[PDB]
Ligand SMILES: [Ca+2]
Ligand SMILES: [Ca+2]
Ligand SMILES: [Ca+2]
């Protein structure tokens, strides 16, 4: 029967789509930290300094 | 014998793709509303004001 | 056959991408007028006035 | 068997995604030069001039 | 957008329009224009009678003639209350013809509307609208008429 | 933010707050506020007794 | 007397009563005014096809039984016999200040 | 820049508009560009027209006087066109099929008194745009001074 | 990588002018064809032009 | 919304100093983990610090 294969290949299709989704979730995590830090750090740099009074 | 089944599962493929399409179409609709709303509202906020004379 | 669904979902994908594009085109229109007017008006305000001679 | 088509359509899907990627890589190239030149040129314009001494 | 003035009003408008970059050719004979002054909302459509091609080679807008068979008569004054006319200002490839005004990349053309009785464009008045093509994105008309009209300056630049 | 004062301290604070443009309605009865002075960190929640409409 | 109001050649004012014929907009129906249609499909048995643009008139004050006020929302869908529905959604502005308003 | 010639007891008769491309701009096909001008009662469009026998008048090596008739050949400035005089162009682009590219400077001649049908008087404004086939238009705007007092005036 | 030479002025019987488009396909015996499409620029100004 | 308490000085066996990073994940039984990442500031100057 044709049905048998249709089932089995569906199982595969789901699994592949899961793996594909995963990489985006993971990568978004990696980028989150890197972005946030870059902003904070850059801000502190501009905002700060010393001045010679006399 | 084989032929019969091929037809039947074909029907299912069609319907399942249809159901998935519905999600995408609908969802796009749902977002269209809020997308526009946000832009208009935000502009009116930044542009409007009163000034003491 | 797998091909049948691949076709049908493509039709959907196109349509959704169209709708998504539309909102940006529309919104850009709305903003165009609002921006242009705001600049003109503000300019005339600063540029103009009266002076008491005597 | 259902598997046969699943394979064949995958081949297509890959190829299309390749073509789609290509246009962005190409276009980014075109824009690179145009942008860089526009900045350089504009800078030289403002920065330069002559002065009548006497 | 440009606008002749007499009396207390702007009476004719000339809306200059052109294609967006990378657009397919737009057939203006099937366009529609919608304008409102906040008290009325006119909608107007092309009447083929009112075409002037010659101005692609230079001349005066706002004094263009048109050709009812056997005569020449002024365009703007004759144009009916529900119709717009068209005057070709730049077209390299003769793409605009009286029966089929199709505009392609590079062209500029003026949609001529006579609003004297239809919309009451006194000073300080907001005007809103769009030219809507058969396919593709509309052009947005949006202007507020000046605070003061002066008799030394009968043609006004509105947008 | 506004703040009554007596003695050597600010004793009450009144924090005026409003929605962002294009926001869906916010139910303050389920909000939480967190404040710190660098020596302690209080967290506080709504008591319905204290409403004035 | 006719299936769709033929204004393929323009309207002086879409809301002027004598020109437009609002009268059949009862508390339970709409009427359709044809604004662009090359192939005469709207004009004859009321079928929209590619490139047509048409305008639906609704007598809201009769439909909802009162006039809609300021700062109020209205939302809906025009649902065809088959295919995706057209979403409608707008919030009436804070200050009515002119006769014809661009709810958009 | 803009400059102009005053005929005594009449007003400004002709004007010369100096035009240049913006940094980084791709070459502009001058012969397709149209110039729109507004004044007290008229809004006129003018189209390119050939100088005598040649596409653009070649004065890459200097002019005794830009307004002297016999030197310059104003005659093709009809009531509906302009002509172009090439003032600096290394690569010969202006001189051959009329294309402005980087570093070129060129001057557009307009017979204003014929275009608007009268001489422009004192205390009057004139404004317009030279609109190319693609890209941003060059704005023109000036108010003629209160007192004409010399033959060539620097409307600028 | 290989380059196909075409004597266009002889093929179309005239030289292609400015602001004109040309489009086509190179169609192999089996498999997908290579699309060609370009519009000649507005201003010819150098001998070798990058129609791309 | 819930708050996890960790006795870091006991967990790592010493107090974390200035200019040091700490990173981790809270990994549920199924589903995506919550990333934690921060660098302690250069100058401790108050009792409760907003590592964020
Ligand atoms: Ca054309
Ligand atoms: Ca139709
Ligand atoms: Ca040159």
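Quick note: the coordinates plus some simple rules give every number you see, no bench work behind them. All Cβ positions, even for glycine, are placed from backbone atoms using ideal geometry, and neighbour counts span all protein chains on display.
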Which of A:52, H:56 has the fewest Cβ neighbours within 10 Å, and the rest in rising order: A:52, H:56
So what's the protein assembly as shown giving for Rg/Rh, alpha carbon basis, Kirkwood Rh from the mean inverse pair distance? 1.01
Taking N as the number of residues in the range H:82-156, what value does Rg over Cα atoms divided by 2.2 N^0.38 Å take? 1.34
Enter the angle in degrees (range 0 to 90, nearest 10) between the Cα long axis of helix A:3-47 and the first principal axis of the Cα atoms of chain A, meaning the one along which they spread out most. 0
Could you work out the helix-only [θ] at 222 nm for chain J, with each DSSP H run of four or more residues adding -39,500 (n - 2.57) and the total divided by the number of residues, to the nearest 500 deg cm²/dmol? -1000 deg cm²/dmol
To two decimal places, what compactness ratio does the range E:47-159 give when its Cα radius of gyration is scaled by 2.2 N^0.38 Å? 1.17
Estimated Rh, chain F: Kirkwood, alpha-carbon pairs, angstrom: 13.9
Of all DSSP beta bridges having both residues in the protein assembly as shown, the percent classed as antiparallel (nearest 5) is 90
Give me the tail of P(r) for the range E:99-144 as a percent: Cα-Cα pairs with distance above 17 Å. 51
Quick one: compute the contact order of the range E:19-134, relative version, from alpha carbon pairs under 8 angstrom and 6+ residues apart, as a percent. 39
Fraction of alpha-carbon pairs over 15 Å apart in chain A - percent: 71
Rounded to two decimal places and with Rh computed the Kirkwood way over Cα pairs, what is Rg over Rh for chain I? 1.00
Antiparallel versus total DSSP beta bridges in chain G: what percent is that, nearest 5? 85
Calculated from DSSP helices alone, with each H run of at least 4 adding -39500 (n - 2.57) and the total divided by the residues of chain D, [θ]222 nm to the nearest 500 comes to -31000 deg cm²/dmol
Quick calc: nm separation of the 7 Å Cα→Cβ label points for residue F:26 and residue G:15 -> 3.7
Cα-based equivalent ellipsoid of the range H:1-124: semi-axis lengths in Å, sorted from largest, via gyration tensor: 25, 16, 13
Helix B:2-47: inclination vs chain B longest Cα principal axis, degrees, rounded to 10, gives 0
Which number do you get for Rg(Cα) / (2.2 N^0.38 Å) in chain B? 2.47
How high is the FRET efficiency from residue I:22 to residue C:17, r the C-beta distance, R0 35 Å, rounded to 0.05? 0.75
Helix-only [θ]222 nm of chain E, DSSP H runs n ≥ 4, -39500 (n - 2.57) each, per residue, nearest 500: -500 deg cm²/dmol
Return H:96, A:6, F:49 ranked ascending by Cβ neighbour count within 10 Å, so the fewest neighbours appear first. F:49, H:96, A:6
What is the fewest-to-most order of G:71, I:19, A:54 by other Cβ atoms lying within 10 Å of their Cβ? A:54, G:71, I:19
